[PDB]
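A.B. asks: Next one to model:
(7 chains, ligands or ions: 2)
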Amino acid sequence: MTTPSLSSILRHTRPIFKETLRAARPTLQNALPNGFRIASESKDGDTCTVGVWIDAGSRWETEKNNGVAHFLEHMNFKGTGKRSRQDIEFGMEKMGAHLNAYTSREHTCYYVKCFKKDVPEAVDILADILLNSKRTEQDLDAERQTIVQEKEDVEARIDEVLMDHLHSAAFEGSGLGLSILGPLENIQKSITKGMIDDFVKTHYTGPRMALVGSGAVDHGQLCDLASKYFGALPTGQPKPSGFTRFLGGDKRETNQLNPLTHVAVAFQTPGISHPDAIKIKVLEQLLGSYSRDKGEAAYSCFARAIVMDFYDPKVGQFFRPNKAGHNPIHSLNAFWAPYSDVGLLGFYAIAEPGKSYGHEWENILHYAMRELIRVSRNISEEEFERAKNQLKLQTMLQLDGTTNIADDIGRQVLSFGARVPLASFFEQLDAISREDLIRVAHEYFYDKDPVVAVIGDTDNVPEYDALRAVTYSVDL
Amino acid sequence: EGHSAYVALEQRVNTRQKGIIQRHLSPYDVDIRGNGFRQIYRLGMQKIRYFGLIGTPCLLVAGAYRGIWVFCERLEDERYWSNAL
Amino acid sequence: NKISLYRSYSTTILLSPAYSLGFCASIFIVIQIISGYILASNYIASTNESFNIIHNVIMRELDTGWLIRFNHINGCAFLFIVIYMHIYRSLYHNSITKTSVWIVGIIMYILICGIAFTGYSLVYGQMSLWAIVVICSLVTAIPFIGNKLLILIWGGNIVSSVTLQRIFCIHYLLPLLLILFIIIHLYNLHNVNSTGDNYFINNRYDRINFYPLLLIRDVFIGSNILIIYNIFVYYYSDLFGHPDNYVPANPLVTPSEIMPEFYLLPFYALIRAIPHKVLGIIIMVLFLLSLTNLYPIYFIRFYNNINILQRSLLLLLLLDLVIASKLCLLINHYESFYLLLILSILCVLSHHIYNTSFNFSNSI
Amino acid sequence: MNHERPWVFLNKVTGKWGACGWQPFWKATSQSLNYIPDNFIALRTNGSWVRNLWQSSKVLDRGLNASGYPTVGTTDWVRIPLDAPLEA
Amino acid sequence: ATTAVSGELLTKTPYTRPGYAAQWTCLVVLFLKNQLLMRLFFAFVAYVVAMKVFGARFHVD
Amino acid sequence: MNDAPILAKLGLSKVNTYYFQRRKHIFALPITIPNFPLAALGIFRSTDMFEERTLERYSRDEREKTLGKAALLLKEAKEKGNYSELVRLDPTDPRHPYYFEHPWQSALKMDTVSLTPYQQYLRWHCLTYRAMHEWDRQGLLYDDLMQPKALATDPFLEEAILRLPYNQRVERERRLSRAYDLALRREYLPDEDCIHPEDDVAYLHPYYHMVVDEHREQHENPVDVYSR
Amino acid sequence: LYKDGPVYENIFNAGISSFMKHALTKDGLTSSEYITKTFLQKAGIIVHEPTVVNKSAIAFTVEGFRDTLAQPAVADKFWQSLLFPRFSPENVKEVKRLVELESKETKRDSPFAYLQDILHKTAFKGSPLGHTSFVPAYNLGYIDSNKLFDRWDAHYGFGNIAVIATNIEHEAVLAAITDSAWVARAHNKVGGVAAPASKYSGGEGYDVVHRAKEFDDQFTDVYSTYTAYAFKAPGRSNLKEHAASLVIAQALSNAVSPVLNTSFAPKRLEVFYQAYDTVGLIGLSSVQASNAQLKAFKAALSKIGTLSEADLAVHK
Ligand code: HEM
Ligand code: HEM
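C.D. replies: Residues are numbered from 1 along each chain as shown, chains lettered A, B, ... in the order given. Ligands and ions are numbered 1, 2, ... in the order given. Let me share the structure:
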């Protein structure tokens, strides 16, 4: 390597962050006397996304009907009293559109992307499937095998299996810690028409449903259609308000034949509607993310602390140098999963298992927990500013396209009761204090019980007890 | 020996060696007197020159200390011989 | 598998005969251990029987108890001589780069000084008693808790039978810890290997098997040094000693000159050259601590080569230490030697062992 | 300091409303001559919430169907924000 | 043995290895510049300390 | 020096930096041991003027010189469009921005008119003190004797050796093994094989310096004050 | 956009562009990888992994607020990267590791992407579009700093670089990429590279891999066979024919994919239309394909052929 490196001698120019704030049309919202909500954000264009967001996921199941939400999702597409499955598909095809159904732990949505001239027909089909769909036993028995195949397919996604493990470990004894699809024995035998009908009756109520429109749409037309179709929904009982206890612990799946090891460590945080929501988001952006293509170019104190020990020569006075052959980290990502009651804030690390009985994962978790303690004690102003700017950009990056905007509108309407204007959100983001952020970090990280999920060669990943002993330091 | 610090060092620093030919004779075919007098002479001369080099500062300082020692010794002899103690 | 025995450890070919000093020191450690174990089997520690049981029981009731005692004495003296040569060679060849080996060696040196002192205390003679008294008078200069400390060391206001018994237990115990430290010394060395005459990084083709060539060389050098050793045992048995230790201890009388053994004299000089007792204690502690290499710990430090100027300065250090020992003994009668004593001590304290690469840097 | 902007509680079954907010308070001592306190109940605002409350009083007392607003725990009270005037 | 800026190798300047007298002189001068003043200063300090602190006299009568 | 015309056209000095070495501090801190007490402080220092002086690479003047030479290379590349060639010169090429010369490589052919008496002494000392160690009679180069140790390794040094071209690494190792074989008998190469002072090239110091700079790069542009 | 890719390689350089994909993003002469990426990442800019677009160019893409991208420092860093490379051996070793991982992961986790690679390799047999997008095993040892520098010299020239922006006013962009001193310090040269055209075989034809013996079965699919049935279609050269091909591809895709999509619907089919300059492919990639299925697909395409103006309105 005879070529010199002038970057070590030169004076480099630092780019600075300067945000762009385009004023979007305000999100209008109305509510029928039934309580069904109607939210709409209009923008110049030729295509619009129209959907229904429902506030009933798999969070409300007691292991006797686990997966009934997904069964219901599959059953809504099998025909209604008026139309058949062939008729619904024909209507969608004539409109040249696709009807997408998505089911999560605390939200479901059925949405259609169409032209502005197909809005009434799309809303008609949505109401038809949601309200008037007949769910007979025969069809229920004809979808069991397709759902079994879907279960077997989703069991093969390592990231999804890892997050399911994390939730099963964290929330045991409540539906929030159950898998979306449910046990195989439940898919094949237990779930029944009675369970599906009970779920629909209990959770598809007026005040827990919203009709969302994004793009070239008319709010008045949407309101008229919503009154026409969704005005008869019952004002059923309120959303259940129970206590979901967080259980620190570990869920470790051993598979020594896997090429990569996935380790997620999470801590309990308050819900999404807590005033600490923005501070937790800023913390998530403070920990940052790292990908292997960056090498040593990690922009956060966290990822960097975990990466530079595989480039450090580790020369000591009385010991031989111990430098890693290569950097084994595939990726590091900070995540926050919130829910109306609770939350999981943590990191997700993917790296090679390494030599058996090595020290790679010991070092990774050592430095990860040290950085958590450090941010609990002190945070620098420059990194605070970096985190806030990155939160601004990340919040803006999620609003690409009418479908994404509609998804954001629906989720915020179901969670906070109304969409928070971006400016308003940003107004609350420049009022955060470094001391407040430090207090939030110390409240939930220091000397707390974490939940760990591991998939891969658990021969090298430290066990829970050790991990519980590194959330605090003797010096403090 | 394979798990030793010097072996680790040689593996880190040195390349994979190639093109080295070594010839060894069994000691039963080597005369113990073979290179004796020549080596005695050469090593004696080398050590004489080297010690002449590195011993000079010590010689100079020892000379100064000898001067001081003589002065102090005869001063104390004079002190004792005159009951000045 | 004899072949597997040959190749279990390999060294450089540049091991000149000067690299057998460790083996000679091992020989003398073995001699001291065996002789001391035989002596202790005939020894009673008290102010009424100690001196008598050495000169009237050990040396006159056994067949060669005198020979055992002379072995113990002259083996201590020669162990110290060989250790000093070992240290001087290590400094000459810049062996401070072997950090583990050097630190363990310094620990062993301090331990051996302690062992020799406590052993010399067991012959309850005039010199033993009064050396104990002088060293403890050094002890009582500690601020605040000195006097009480002294009592705890002596178990009383004077040296007595309990003092001799605890000294005997210490003298018995310490050499075995010294054996363990020798084992650690060798373990670290075999981890990092030997320097040789010059430092090179060698692959297996440039190295040679340790066994049996270096064992045979060690036997040869050991036999020669044992000839030299036994010349002193049988014909100069009392050359490394002071005759006043053949006078039974008299607490009411102090000797004309209290002088320690030749191998502790340099330390004694450091006490005579510093008028303030507390300052002398502090400087002795700093001297011993500074012989080590325990600082810096987390600052990047590495070692460069050694040159002719450094070797000449090392010879000068030897000269200064010898002069300081002789002068510190001579100052009792002649007061004009304080000049040369202080000059030599100051020269000793200003000798560079490690060339600080931090000598050269730039300011902000 | 950064707390919630003032809101309006409204009880459904009883049909009775009322404003509310977070009042900071500190131990009394000497004041400052060169300082007129900023807006502390509604931080970082031009104090329009008073105007919104005044305008919305007629709407609320007349009877408002607030089924589209979040509740407060398990009680019969719902929170109406005073960011913008209430017309419904 | 390094090339010139133009890329060619020039003729080495003639050189006769310094002799033993030159080496000995170099070592003596180096030692003197390293420690002559230091040791003179230490001698002075020792004289002052001995003549004042320890009470050495250095003269008779 | 062979770099003299380049150093002159940039307004720098045609004289080696071995001259101009000077002491600026009284205490040599951090205090390092093993060292006898006073010598630990560093009030009195013993040097033979052949020390490395690596920490003096952290200076603005050295950076200015390096960037001046780099600018000359880039200007030539723009003129002729041989960029790759010019950024792949051997560090022993005087046009390289990191070219380094040992003092004795220019002592026999130096002007010496712009030299003070102390610097003339330094020149004479450099030549004769090189002659005093007899590594030239062992067929070695000075840079061959910079070898890493097993414990308390010189990190830069190790890396500096891995940056060398393969053939030059092999030649260095072969020179070391030949010197080892010679040292077994304390033999010297034939007098006609003595290394000329101008042949004792500093072929490893440019790599050493480049490694030092690259390692300090991330320290002067930290991600955050508390990062690692 | 930097002009280099598989279409410019030969059988002895196969995969070299992949090294160029990463080598340019590693340490350069005037700015290392640490200096650039961190400086961009701490400025609220998302730095994407470089990609090969149409087997003929490498895109280095950056995403962020327009005001942050309009400043002349981001463009300056990209200019530094592209004009003053270093190609250090240790960086090349890192790039070798990265390309090995990319090939292996795409084979294991993106069987359809690997199938596309095979489809092109055998589709355009003796033509530039049939070169491999992944480094073949042998070349993993062969490509090094000297080869990278030779390729960089061959491909050097401002004519091989383009700038593309999507939410920045044009003038601002011109104000950003023209304020660089490094552009003024670089050899001024317009150097173009050209590649020949292509023909089309593909085939009843086969790349054999025993996946069940290569990967662990739990978290990847190892019991499936990937069949791509493809036909020749027009490229982007003629806009009318390209739009017609887009309509045909959408008609085929909608007639095969489910209309009502659920959350966890598996991926079993894909209707692809890869369009190039003057040539393209349109086809169906599937698992556990069958003769009946492929005959039905061909018949559906033929039926699409006979549609009238009125029947073409829905698909349009
Ligand atoms: C466990 C091993 C040892 C035991 C049991 C032991 C035991 C004894 C005993 C009982 C004495 C008093 C008898 C006498 O003075 O002749 C003595 C004296 C002595 N020992 Fe040891 N000793 C041991 C190791 C050592 C070592 C390693 C040294 C240091 C080289 C040492 C140095 C001395 C000295 C200097 C004396 C007094 C010499 C004299 O009598 O004038 N001993 N030892
Ligand atoms: C009981 C006293 C001691 C014994 C028995 C002892 C024993 C040994 C032995 C057997 C070796 C390996 C053989 C050799 O190279 O000579 C050795 C090496 C060494 N010892 Fe000691 N040692 C002692 C005291 C010391 C002391 C006080 C030091 C000073 C710190 C020291 C420092 C070293 C060093 C540096 C080496 C390695 C030298 C080199 O190969 O470069 N030793 N010792």
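A.B. asks: give me the residue from chain E nearest chain B.
C.D. replies: When scored by CB to the nearest CB, chain E has residue E:31 as its residue closest to chain B, at 4.3 Å. All C-beta atoms are positioned from the backbone trio N, CA, C, and that covers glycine.
A.B. asks: Surely that residue forms part of a helix?
C.D. replies: Yes. With DSSP: H, G, I helix; E, B strand; the rest coil as the criterion, residue E:31 is part of a helix.
A.B. asks: out of everything not next to it in sequence, what's closest to the most centrally placed residue in chain A?
C.D. replies: Among the residues of chain A, residue A:337 comes closest to the average C-alpha position under CA atoms, centre = their mean, at 5.3 Å. Spatial nearest neighbour of residue A:337, excluding adjacent residues (CB to CB, 6 or more residues apart in numbering or on different chains): residue A:344 at 4.5 Å.
A.B. asks: likewise residue C:283?
C.D. replies: The spatial neighbour of residue C:283 that comes closest, neighbours along the chain excluded (CB to CB, 6+ apart), is residue C:274 at 5.8 Å.
A.B. asks: cool, residue A:406 as well?
C.D. replies: Residue A:406 sits nearest to residue A:214 (CB to CB, 6+ apart), 3.6 Å away.
A.B. asks: do the same with residue F:182
C.D. replies: Nearest non-adjacent residue to residue F:182, counting by CB to CB, 6+ apart: residue F:138, 5.5 Å away.
A.B. asks: go on, residue C:265?
C.D. replies: Closest residue to residue C:265 apart from its sequence neighbours, by CB to CB, 6+ apart: residue C:325 at 3.8 Å.
A.B. asks: Please state the offset of the helix or strand hosting that neighbour from the chain centre?
C.D. replies: Counting by DSSP states H and E, the element that carries residue C:325 is helix C:308-330. Centre-to-centre, helix C:308-330 and its host chain are 17 Å apart (CA atoms, centre = their mean, to the nearest Å).
A.B. asks: Can you report how many residues neighbour the residue nearest to residue A:193 when sequence neighbours are not counted?
C.D. replies: Leaving aside its sequence neighbours, residue A:193 sits nearest to residue A:137 (CB to CB, 6+ apart; 5.2 Å). Number of residues near residue A:137 (other CB atoms under 10 Å in any protein chain shown) recorded here: 11.
A.B. asks: Also residue F:38?
C.D. replies: The burial count for residue F:38: 19, using other CB under 10 Å.
A.B. asks: Quick check, the residue in chain F closest to chain G?
C.D. replies: Relative to chain G, the nearest point of chain F is residue F:81 (4.2 Å; CB to the nearest CB).
A.B. asks: got a list of what that residue touches?
C.D. replies: Contacts for residue F:81 (CB atoms under 8 Å, 6 or more residues apart in numbering or on different chains) come out as G:187, G:189.
A.B. asks: which residues sit in contact with the residue lying closest to residue C:163 once chain neighbours are set aside?
C.D. replies: Spatial nearest neighbour of residue C:163, chain neighbours left out: residue C:154 (5.3 Å); criterion: CB to CB, 6+ apart. Contacts for residue C:154 (CB under 8 Å, 6+ apart) come out as C:136, C:160, C:163.
A.B. asks: Can you mark which positions in the helix or strand encompassing the first one are buried?
C.D. replies: Residue C:136 is part of helix C:126-139 when elements are defined by DSSP H and E. Of the residues in helix C:126-139, C:126, C:127, C:128, C:129, C:130, C:131, C:132, C:133, C:135, C:138 count as buried by neighbour count, 16 or more other CB atoms under 10 Å in any protein chain shown.
A.B. asks: Kindly report the same for stretch F:83-91.
C.D. replies: In stretch F:83-91, counting by 16+ other CB under 10 Å, buried: F:83, F:84, F:86, F:87, F:89, F:91.
A.B. asks: can you check stretch F:147-163 too?
C.D. replies: Those buried within stretch F:147-163 under the rule 16+ other CB under 10 Å are F:147-161, F:163.
A.B. asks: residues making contact with the host helix or strand of residue G:274?
C.D. replies: Assigned by DSSP H and E, residue G:274 falls within strand G:269-275. Contacts of strand G:269-275 from elsewhere in the structure, counted by CB under 8 Å, 6+ apart, are G:112, G:116, G:120, G:228, G:230, G:233-236, G:242, G:245-246, G:248-249, G:252-253, G:256-257, G:280-286.
A.B. asks: again with stretch A:337-347
C.D. replies: Identification of contacts with stretch A:337-347 by CB under 8 Å, 6+ apart yields A:59, A:105-106, A:163, A:166-167, A:170-171, A:176, A:244, A:246, A:264-273, A:277, A:280, A:283-284, A:287, A:302, A:332-336, A:368, A:415, A:444, A:450-451.
A.B. asks: same thing but 6 Å
C.D. replies: If you take CB atoms under 6 Å, 6 or more residues apart in numbering or on different chains as the criterion, stretch A:337-347 is touched by A:106, A:244, A:265, A:266, A:267, A:269, A:271, A:272, A:280, A:334, A:336.
A.B. asks: secondary structure class for the closest residue to chain F within the stretch 351-476 of chain A?
C.D. replies: Across the stretch 351-476 of chain A, no residue is closer to chain F than residue A:383, which sits at 4.9 Å (CB to the nearest CB). Classification of residue A:383 using three-state DSSP returns helix.
A.B. asks: of the contacts of stretch A:337-347, closest to residue G:12?
C.D. replies: residue A:334 (44.6 Å; CB to CB).
A.B. asks: Three-state assignment for the closest one, please.
C.D. replies: Look at residue A:334: counting by three-state DSSP, its state is strand.
A.B. asks: distance between the helix or strand harbouring residue G:35 and the chain's centre?
C.D. replies: Element membership of residue G:35, judged by DSSP H and E, is helix G:33-41. Centroid separation for helix G:33-41 versus its chain: 24 Å, with CA atoms, centre = their mean.
A.B. asks: close to chain A, is that helix?
C.D. replies: Yes. Using CB under 6 Å from any CB of the partner chain, helix G:33-41 comes into contact with chain A via G:33, G:34, G:35, G:37, G:38, G:39, G:41.
A.B. asks: Of these, just say which sits nearest to residue B:62.
C.D. replies: For those, the nearest to residue B:62 is residue G:34 (58.3 Å; CB to CB).
A.B. asks: doesn't residue A:295 make contact with that closest one?
C.D. replies: No. Contact criterion CB atoms under 6 Å: residue G:34 and residue A:295 do not qualify, at 7.6 Å.
A.B. asks: The residue nearest to residue C:265 and residue C:263 touch, don't they?
C.D. replies: No. Proximity of residue C:325 to residue C:263 does not meet the contact threshold set by CB under 6 Å, at 9.5 Å.
A.B. asks: count of residues packed around residue 50?
C.D. replies: I'll assume chain A. Count around residue A:50 with other CB under 10 Å applied: 29.
A.B. asks: think we crossed wires, I meant chain G
C.D. replies: 17.
A.B. asks: Please apply the same query to residue A:78.
C.D. replies: For residue A:78, the neighbour count with other CB under 10 Å is 20.
A.B. asks: give the contact list for it.
C.D. replies: Counted by CB under 6 Å, 6+ apart, residue A:78 has contacts A:85, A:139.
A.B. asks: now swap in the one 10 residues further on and tell me
C.D. replies: Residue A:88 is in contact with no residue at all, counting by CB under 6 Å, 6+ apart.
A.B. asks: Quick one: name whatever helix or strand follows the helix or strand hosting it.
C.D. replies: According to DSSP H and E, residue A:88 maps onto helix A:85-95. Downstream of helix A:85-95, the first helix or strand assigned by DSSP H and E is strand A:99-103.
A.B. asks: Much appreciated, bye for now.
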